[PDB]
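One structure below.
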Protein chains: 2
Amino acid sequence: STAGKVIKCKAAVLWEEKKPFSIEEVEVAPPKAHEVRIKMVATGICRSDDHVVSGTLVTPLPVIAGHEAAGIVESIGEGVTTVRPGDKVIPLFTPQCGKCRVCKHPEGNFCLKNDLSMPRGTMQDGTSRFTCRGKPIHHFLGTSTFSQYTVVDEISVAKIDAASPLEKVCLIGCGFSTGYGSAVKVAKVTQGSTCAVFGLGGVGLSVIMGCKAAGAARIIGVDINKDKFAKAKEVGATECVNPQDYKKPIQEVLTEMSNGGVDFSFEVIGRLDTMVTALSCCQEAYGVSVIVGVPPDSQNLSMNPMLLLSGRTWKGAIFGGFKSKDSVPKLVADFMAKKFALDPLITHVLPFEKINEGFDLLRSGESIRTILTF
Amino acid sequence: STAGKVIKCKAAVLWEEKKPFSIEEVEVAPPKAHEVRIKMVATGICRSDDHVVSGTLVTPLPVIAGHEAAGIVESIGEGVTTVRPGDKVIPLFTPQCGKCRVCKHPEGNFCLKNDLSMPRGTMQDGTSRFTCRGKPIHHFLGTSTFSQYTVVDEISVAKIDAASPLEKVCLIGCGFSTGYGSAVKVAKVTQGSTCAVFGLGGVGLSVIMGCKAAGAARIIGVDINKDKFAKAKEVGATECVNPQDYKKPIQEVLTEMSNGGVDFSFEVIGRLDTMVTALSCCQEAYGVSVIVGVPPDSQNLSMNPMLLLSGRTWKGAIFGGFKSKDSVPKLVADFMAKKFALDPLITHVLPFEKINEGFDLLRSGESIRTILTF
Ligand SMILES: NC(=O)c1ccc[n+]([C@@H]2O[C@H](COP(=O)([O-])OP(=O)([O-])OC[C@H]3O[C@@H](n4cnc5c(N)[nH+]cnc54)[C@H](O)[C@@H]3O)[C@@H](O)[C@H]2O)c1
Ligand SMILES: NC(=O)c1ccc[n+]([C@@H]2O[C@H](COP(=O)([O-])OP(=O)([O-])OC[C@H]3O[C@@H](n4cnc5c(N)[nH+]cnc54)[C@H](O)[C@@H]3O)[C@@H](O)[C@H]2O)c1
Ligand SMILES: OCc1c(F)c(F)c(F)c(F)c1F
Ligand SMILES: OCc1c(F)c(F)c(F)c(F)c1F
Ligand SMILES: [Zn+2]
Ligand SMILES: [Zn+2]
Ligand SMILES: [Zn+2]
Ligand SMILES: [Zn+2]
């Protein structure tokens, strides 16, 4: 029995940028008021976790990263009403406090209690529940899922179907929901439209799934790695193009292919140049372009505002625009009801102890999602 | 008496950038097939016309500028079906061909036959109807309203109510429609929202009118010329701010005043820095910013795409997003029914011969719209 007690468990600690994770024992404090301690069952490797390693994303180190996961509630703090010990849960890297101006807005999801904008790497109360070799370790996005056990604020956890397969539905914690919502909710892709998707990783494939679900007639996948094209076509891409095969800039190729510009474009990579290319390739009068990728910290892009004056719309979103705690349980229910598939995103299933091997598969281009199992 | 004949008349010819207009005789050819020759009655001075003088806006010179106007059809070429001699008309600087993919789209208005994106300074057929001193003179946006007579393509003219007061409704040909539509159609301002309007000239006042019509609860006018504030409050601003009064950047001031960002912001000036400031000041998760001002030719802005990733929407539009030929007669009918006011925009009236005085008024900061009478 662990409730009310410090847990000693295994976690993947990142002590400094550009080094492997260290798999070692940590101490996990019991949950305080309005906090939930979760035994992890499965976590995905998202490129955003790799951004912490590479320094593309700046967050306080040392840290327990991981934000795409599912597990089972081990214990609850005083005052928790929304989950109970034994419940299957997905941690929410975008919280839903329910009280801020964003949470009350019909179309906002980027709750003001988030730890993304200006990361502290703590619990809501400004402290950490993790120690390692006598040192305090930072949280990541209020989730920290690269651990056998984590502690999250109640506003950062959702209860899901007790019959959920956690090794699949962990992807609803980030990559599936982000891509699918970016198409269906943020862009609001229309029936019969032409879409261009830049980046055919886990998130870009989920964008394709959403564009197909919304009835797009043409879905053009764009990637510099042609090994990504077969799976993109399997989930709905009608064409794939590699910019490296062309003498012309790819915005010009895509404008020609679409007879004057695409209806909807998506940047799902994290590069400044592809964000401007993706905007430019949407039709100048009525096109919509959605930024999904995360680029290098503190870098500005350059663009000509005439691209917007003609009528284009440029937007971005976190987590597909979904209000996280309302949406995650519904997405799992929809998966259980066979409304979408997750298997196409899962290329590799490894034990947690092989986290570093899982990151190497991502960095080499081999994998889409590796699921780590505890 | 003039049908089929060259008309000699006075026009304001711009021979060189950064020089006064030259009021002098020009020859105006009769209309060819699907062309309309108009006797001008009234034309407004829009800041975009001044951009041609300043070189902010690049169009071939020498040119007859002017794009905000109203007149009476003198004659029609072969095959014209939509207007007749003696009809009151407004030239359409954004055409509506009715046949291209943008004209067919429910939300497009930037018709592919426009002469704004890559100006040629011609009729649709690539030729000019104007001669001066024996030399061909460019058209501007297919309209060229700074002339006693002009010739336009049929897709660039709308028939309006025969009882229209042309000295007022000329403003529907650019500044009113642009500002009003930018609020009501492009931004889709909501009841009870907070808006910020950068630039309180004729277009920005028209944006305020639209925000007030849409039911905004707060409309914050922003201008470095505090002389503009009284009229902004008359048409609906709840408060005005001058950036020069503050130690902190105005995006910070507006975020504070709106308890975390505005719902809707509008750039109605034409500066790269205020386009980025206006984006920044809208709420990071659900705010919308609309670019209305014309940027300086070929210059790029610099911005951090994290402004969009959180959830902001950035867009621009020409002519308030209105499909021009469908919309202009309806806007005139609504003016006739007192659904909106134009007199607040009109600060000065001059004869056409005093065009240069009218530009001096705009450049000094004194005027909103000067209306020139032929
Ligand atoms: N907005 C959100 O809420 C959110 C959520 C999840 C992921 N992300 C970001 O989304 C991006 C994609 O994540 P992911 O799918 O896990 O990554 P991934 O699996 O690494 O996929 C990226 C893809 O981009 C391809 N690529 C790289 N450079 C180019 C190029 N120049 N042109 C075209 N294709 C290129 C690459 O080959 C790969 O297939 C990353 O920047 C993540 O950080 C954002
Ligand atoms: N998108 C379109 O279809 C369309 C239509 C009409 C006009 N325009 C453009 O819209 C802009 C406004 O036109 P207008 O109302 O005729 O011009 P205007 O009357 O010159 O008004 C511009 C206002 O901006 C104010 N201003 C200047 N600099 C700053 C600053 N740094 N901060 C705040 N205020 C400042 C200035 O004092 C003035 O009151 C111009 O760039 C036009 O070219 C665009
Ligand atoms: O992949 C989701 C994700 C994001 F979209 C970010 F913007 C971010 F900063 C982050 F850490 C993250 F995990
Ligand atoms: O004022 C309307 C207007 C514009 F919005 C432009 F973008 C432009 F190029 C132009 F010449 C113009 F007159
Ligand atoms: Zn909230
Ligand atoms: Zn992620
Ligand atoms: Zn058209
Ligand atoms: Zn204008």
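Sequence positions for chain B are given in Swiss-Prot numbering; the residues included correspond to 2-375, in order.
Backbone N, Cα and C define each Cβ position, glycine as well.
Listed features, source Swiss-Prot:
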BINDING   B:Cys47, B:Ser49, B:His68, B:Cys175  Zn(2+) 1 binding site
BINDING   B:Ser49, B:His68  alcohol binding site
BINDING   B:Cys98, B:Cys101, B:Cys104, B:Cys112  Zn(2+) 2 binding site
MOD_RES   B:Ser2  N-acetylserine
Query raised in the report: Any idea what the Cα distance is from B:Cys104 (Zn(2+) 2 binding site) over to B:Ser49 (Zn(2+) 1 binding site), rounded to a whole Å?
Result: 24
Query raised in the report: Looking at the binding-site residues B:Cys98, B:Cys101, B:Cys112, which has the shortest Cα distance to B:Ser49 (Zn(2+) 1 binding site)?
Result: B:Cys112
Report summary line: Across B:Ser2, B:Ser49, listed as recorded positions, the smallest other-CB tally within 10 A is for B:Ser2
**Report entry** Remaining residues near the recorded Zn(2+) 1 site, that is with C-beta within 8 Å of the centroid of the site residues B:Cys47, B:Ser49, B:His68, B:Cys175
**Finding:** B:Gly45, B:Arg48, B:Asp50, B:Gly67, B:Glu69, B:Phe94, B:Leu142, B:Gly174, B:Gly176
Query - Residue among binding-site residues B:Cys47, B:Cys101 with least C-beta crowding, 10 angstrom cut-off - result: B:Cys101
Report task. Rank the binding-site residues B:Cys104, B:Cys112 by the number of other Cβ atoms within 10 Å of each Cβ, and give the residue at the low end. Result -> B:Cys104
Requested in this report: Pop the Cα-Cα gap between B:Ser2 (N-acetylserine) and B:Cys175 (Zn(2+) 1 binding site) into the table, whole Å please.
Outcome: 31
Query raised in the report: Of the binding-site residues B:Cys47, B:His68, B:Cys98, B:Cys101, B:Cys112, which one sits closest to the residue listed as 'N-acetylserine' when you measure Cα to Cα?
Result: B:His68
Requested in this report: Measure from the CA atom of B:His68 (Zn(2+) 1 binding site) to the CA atom of B:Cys112 (Zn(2+) 2 binding site) and give the result in Å, rounded to a whole number.
Outcome: 16
Query - Neighbour tally for B:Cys175 (Zn(2+) 1 binding site), based on other Cβ positions within 10 Å of its Cβ - result: 33
